[PDB]
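In the authors' numbering, the protein residues as written are 1 to 206.
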């Protein structure tokens, strides 16, 4: 499957693509404002994620640091990134279908649209000013708006027992971005697309 990753933000982002134990394609790249990066994702990929990283510094070897979404100091991510990170999540070719969603379960850093470029389903978006409106206890100094699990590490926020409810903090994310997951047991906002669809992830869509 082809994913086109587009940075419409006015600032540079460092896109990342991983399935948690391996890079997807090159795993990461700098995107200046307006740039587009096309990656190929193997059919059958389960549990892939794409995200943006902000305020990164990398040396010649591709080692450094980012203020949001750092993936162990690497330009080319092999593992998932440090919150806060708005996530585009996908599982491809699962019994004939692809499944896509956007998640705020690991917080929010950059607004995002995740849409198919082929026919047969709808896209999803979270483009509200979550950082600007972020509750004071969830604000991350380096930028972004953390989820409550990251901040407080309780069974209720992290849904550790598999039983949890919405919270004041999850409802904040949900009010601003209804079509994104706000906590682990949220009513799913997953979209089912035809197997072997292609996609575009746009940072700062509006």
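Every residue, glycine too, gets a C-beta built ideally from N, C-alpha and C.
Whole angstroms are fine: how far does the CA of residue j sit from the CA of residue i?
i           : j           : result
residue 91  : residue 18  : 12 Å
residue 179 : residue 52  : 19 Å
residue 10  : residue 71  : 23 Å
residue 58  : residue 65  : 7 Å
residue 73  : residue 147 : 22 Å
residue 207 : residue 13  : Nothing can be reported for residue 207: it is not among the residues displayed for the chain, which extend from 1 to 206.
residue 165 : residue 172 : 14 Å
residue 39  : residue 15  : 11 Å
Thinking just about the alpha-carbon of each residue, which of the options is nearest to the one in residue i?
i           : options            : result
residue 81  : 22, 45, 3, 154     : 22
residue 4   : 155, 33, 37        : 37
residue 190 : 114, 13, 28, 34    : 114
residue 130 : 123, 84, 88        : 84
residue 174 : 195, 105, 87       : 105
residue 141 : 127, 109, 154, 155 : 109
Tell whether a beta-carbon distance below 9 Å holds between residue i and residue j.
i           : j           : result
residue 68  : residue 1   : no
residue 184 : residue 204 : no
residue 55  : residue 132 : no
residue 193 : residue 118 : yes
residue 76  : residue 96  : no
residue 107 : residue 167 : no
residue 111 : residue 86  : yes
residue 135 : residue 169 : yes
residue 7   : residue 24  : no
Relative to the ligand NAP, is the shortest distance from any of its heavy atoms to the C-beta of residue i smaller than 8 Å?
i           : result
residue 157 : With respect to small molecules bound, the structure shown includes none, and the ligand NAP cannot be examined in it.
With DSSP as the reference, identify every bridge partner of residue i, one or two as the case may be.
i           : result
residue 201 : 5, 114
### Query
Can you give, in chain order, each stretch of the beta strand (DSSP E) that sits fully within the region 18-64 and has at least 3 residues?
23-31, 36-40, 48-58
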